[PDB]
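Q: What would the 3D arrangement of this be:
(chains A, B and C)
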Amino acid sequence: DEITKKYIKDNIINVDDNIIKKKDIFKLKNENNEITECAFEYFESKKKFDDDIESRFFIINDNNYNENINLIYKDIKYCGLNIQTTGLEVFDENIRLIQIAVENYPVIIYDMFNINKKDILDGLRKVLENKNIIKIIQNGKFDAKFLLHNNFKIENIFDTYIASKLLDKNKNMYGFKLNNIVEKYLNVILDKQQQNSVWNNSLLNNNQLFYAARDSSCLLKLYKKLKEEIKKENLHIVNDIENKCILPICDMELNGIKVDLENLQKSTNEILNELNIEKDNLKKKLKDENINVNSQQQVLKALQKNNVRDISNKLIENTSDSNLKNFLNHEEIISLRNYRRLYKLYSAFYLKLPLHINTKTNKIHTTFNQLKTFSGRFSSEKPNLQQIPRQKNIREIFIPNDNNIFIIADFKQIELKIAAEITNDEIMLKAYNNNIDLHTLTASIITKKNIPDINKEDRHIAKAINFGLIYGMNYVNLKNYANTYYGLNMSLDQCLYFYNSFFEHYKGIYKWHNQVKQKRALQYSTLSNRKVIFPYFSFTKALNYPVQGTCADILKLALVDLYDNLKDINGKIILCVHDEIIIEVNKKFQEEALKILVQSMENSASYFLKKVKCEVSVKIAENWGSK
DNA sequence: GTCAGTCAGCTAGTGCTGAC
DNA sequence: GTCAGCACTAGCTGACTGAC
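A: Residues are numbered from 1 along each chain as shown, chains lettered A, B, ... in the order given. The coordinates are given below.
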């Protein structure tokens, strides 16, 4: 229809009219700092949107490109960047539209499908790469990933999702989408009724482009309000850290971690054979060939039929992991426990990994999220890295890329050091000034032995108790904590003596406990001023939030510094799980990489913590499970 | 020849029970 | 706290009797 193809030359298909091609004379400065009059083509909705946000937009395709459009970018301080894509996955999908929003101008839409003169994107490249231009993005991780994968470089960034998430102080989990944020702050409904319209088509209809335009112009108003809201809340440090840490997360997701297919196959074969053998052994032991082991009720019934009892001559009524410890005086239960371990390991890692492995590159790629965790630490999904077993044999599957070598660095006692810093415990700080671990010190006070005489087992008990009592556990739960996660049986009187001895000397932590318990505050702040406001008081989380948040801040600062300091030797930041950072570097630059990693981690530690001095243990690893 | 009354397999949901 | 895996209990949906 002649109505519908009015603007086909610029790849626009009319749906319900509501589109006009209008030209007006603009006033722009020249490269010689001289105002120049230029005529531009911009489209407009025939029906004015009820809100005050802009809806004008240029479209820049192969034909319509005008060289003078690059002058908008000059002498700016913020610009709104949003990109539309055919699908979610970065590897299987391209970028359809790039949008730029410069204040008091329409939104410039670059149609990458109808762009072939590579000088077109030069202005986009320079506005993206400039470090003096605060690019505003919504959900910066997704857009940054798509841009980096296609040879673009984007340097500065300001994500409205991070600002909104931090400002809410973890009040609500859901929300924090573009429509919700704009409604909450600027009092406007974006009418996001586009139900994921088909983007693959070369031709794009009016509603899609206009909805994409209001998603870019609305970011500048959010920038203005969120900047002031953050400034009034003293959240600028953590916001800056998160914004600059967006890009390292994109690097980690893009590069991934390679899996040795041959070793994975060998381990899977061996583990399946071991599972079959143990299953057969249990089958003979349970004396029921038809028995299915996985049925929890059925194994309970079978063990009941076996009539094995307790030390109290009590029949088993539960196969809880700790209840198995109470019933260990038989070969049956040993076989059952071994089978449970093998089954969980097998069907949780070995049979699940092949789905995640991309046969195109034979690498595992993760989806890192940086503010879903309450404490602030990174959380992985799709493949859950923290759920990967941490035993030696399982991790060896992960190898570096061909012709490379891993560097692995991990903090030591970052929680305990941060606790010492915040609580200002004099004895801990005077201890760490002379390089003695707080596990060794805790063991020394517990066992009354001299420092050189401390063994490894005392260090283990210290490892238990320091974590136990530095997050405000009542001494009753110390027994459960030590037994369950470390296996050390303990008596209540021993727990009482340990509690008294621990809080008699480390005075600072006692003062911290007293203050936090007395105030019963509903709001807490970390050393990066990451504020959280709970619904109701909880002593455990009240004690746990500051140290964990500060540890997350230290890791994020380390990644931000590392991503800038590793660009010379072209090292990839691969993963960051727990207090551990992994970088892959070419085999020549091993020494330089080690120095860079250590320096970045130490500087990050020294930025927030001042009294103490963190240390990092770095080992060059052939495989992630190296020595 | 035909329709009730009762016998079920199937699918869901909840109950309950375990570890990464 | 998240997660799968299974009895058990229930309600439904066709087929095997039961009939005057």
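Q: care to break chain A down by domain?
A: A:8-233, A:261-355, A:364-413+A:549-621, A:416-540 (automatic domain parsing).
Q: The longest one: end-to-end distance?
A: What it means is domain A:8-233. 50 Å (CA to CA, to the nearest Å).
Q: Determine if any part of it is in contact with DNA strand C.
A: No. Domain A:8-233 does not reach DNA strand C (CB under 7 Å from any atom of the strand); its nearest approach is 10.1 Å. Where C-beta positions appear, they are placed from N, C-alpha and C, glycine not excepted.
Q: what about the host helix or strand of residue A:504, distance to the chain center?
A: Assigning secondary structure by DSSP states H and E places residue A:504 in helix A:492-505. Computed by CA atoms, centre = their mean, to the nearest Å, the chain-centroid distance of helix A:492-505 equals 37 Å.
Q: Stretch A:607-619 too?
A: The answer for stretch A:607-619 is 22 Å, by CA atoms, centre = their mean.
Q: ok, back up a step: what residues does the helix holding residue A:504 touch?
A: Applying CB atoms under 8 Å, 6 or more residues apart in numbering, the contact partners of helix A:492-505 are A:427, A:442, A:445-446, A:465, A:469, A:475-476, A:478-479, A:509-510, A:513.
Q: got TSV for the residues you listed, with neighbour count and distance to DNA strand C too?
A: Below are the contacts of helix A:492-505 laid out as TSV (neighbours: other CB atoms under 10 Å; distance: CB to the nearest atom of the strand, whole Å):
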residue	neighbour count	distance to DNA strand C
A:427	15	33
A:442	28	26
A:445	17	31
A:446	18	28
A:465	26	21
A:469	22	20
A:475	17	21
A:476	11	18
A:478	22	18
A:479	17	17
A:509	22	24
A:510	15	27
A:513	18	22
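Q: now, of the domains of chain A, which is deepest in the fold?
A: Ranked by mean neighbour count, the domains of chain A are led by domain A:364-413+A:549-621 with a mean of 18 (mean count of other CB atoms under 10 Å).
Q: Now do the end-to-end distance for it.
A: Termini of domain A:364-413+A:549-621 sit 19 Å apart (CA to CA).
Q: Just checking it against DNA strand B, any contact.
A: Yes. Domain A:364-413+A:549-621 is in contact with DNA strand B by CB under 7 Å from any atom of the strand, via A:387, A:389.
Q: That domain near DNA strand C anywhere?
A: No. Residues of domain A:364-413+A:549-621 are not located near DNA strand C by CB under 7 Å from any atom of the strand, the shortest gap being 8.7 Å.
Q: Same check on stretch A:288-298?
A: Yes. Using CB under 7 Å from any atom of the strand, stretch A:288-298 reaches DNA strand C at A:292, A:294, A:295, A:296, A:297, A:298.
Q: Now go through those and say which are in helices.
A: A:296, A:297, A:298 (DSSP state H).
Q: that older thread, which ones among the contacts of helix A:492-505 are found in helices?
A: Short answer: these in helices (DSSP H) are A:427, A:442, A:445-446, A:465, A:469, A:475-476, A:478-479, A:509-510, A:513.
Q: Just the closest of these to residue A:563, please.
A: residue A:509 (35.0 Å; CB to CB).
Q: Which members of the contacts of helix A:492-505 additionally contact DNA strand B?
A: Within the contacts of helix A:492-505, nothing lies near DNA strand B by CB under 7 Å from any atom of the strand.
Q: I'd like the domains of chain A written out as a markdown table, with distance to residue A:247 added.
A: Shown next, in a markdown table, are those (distance: least, CB to CB, whole Å):
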| stretch | distance to residue A:247 |
| --- | --- |
| domain A:8-233 | 6 |
| domain A:261-355 | 28 |
| domain A:364-413+A:549-621 | 6 |
| domain A:416-540 | 19 |
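Q: mind checking which of those domains is nearest residue A:2?
A: Among the domains of chain A, domain A:8-233 comes nearest to residue A:2, with 10.3 Å by CB to CB.
Q: where exactly do the helices run in the stretch 1-150 of chain A?
A: For the stretch 1-150 of chain A, applying DSSP state H, counting those that start in this stretch gives helices covering A:122-129, A:140-149.
Q: So what touches the longest one?
A: Around helix A:140-149, the neighbours that count as contacts under CB under 8 Å, 6+ apart are A:81-83, A:85, A:88, A:90-91, A:95, A:128, A:137, A:154, A:157-159, A:161-162, A:243, A:246-247, A:249-251, A:253-254, A:368-370.
Q: what sits against residue A:414?
A: Per CB under 8 Å, 6+ apart, neighbours of residue A:414: A:551, A:554, A:579, A:605, A:614.
Q: In contact with residue A:196: list those residues for me.
A: So residue A:196 contacts nothing (CB under 8 Å, 6+ apart).
Q: now the one 3 residues further on
A: Shown in contact with residue A:199 (CB under 8 Å, 6+ apart): A:84, A:85, A:86, A:96, A:208.
Q: Out of the residues of stretch A:288-298 next to DNA strand C, flag the one nearest to residue A:420.
A: Distances from residue A:420 to the residues of stretch A:288-298 next to DNA strand C, taken by CB to CB, are shortest for residue A:296, at 44.3 Å.
Q: Tell me how far that closest one lies from DNA strand B.
A: Residue A:296 is 4 Å from DNA strand B, where distance means CB to the nearest atom of the strand, to the nearest Å.
Q: Excluding chain neighbours, what is closest to that residue?
A: Excluding the flanking residues, the one nearest residue A:296 by CB to CB, 6 or more residues apart in numbering is residue A:319, at 6.7 Å.
Q: just checking, residue A:247 touches residue A:157?
A: Yes. Contact status for residue A:247 versus residue A:157: in contact at 7.1 Å, counting by CB atoms under 8 Å.
Q: which residues of the stretch 201-350 of chain A fall in strands?
A: For the stretch 201-350 of chain A, the strands defined by DSSP state E, counting those that start in this stretch occupy A:204-205, A:257-259.
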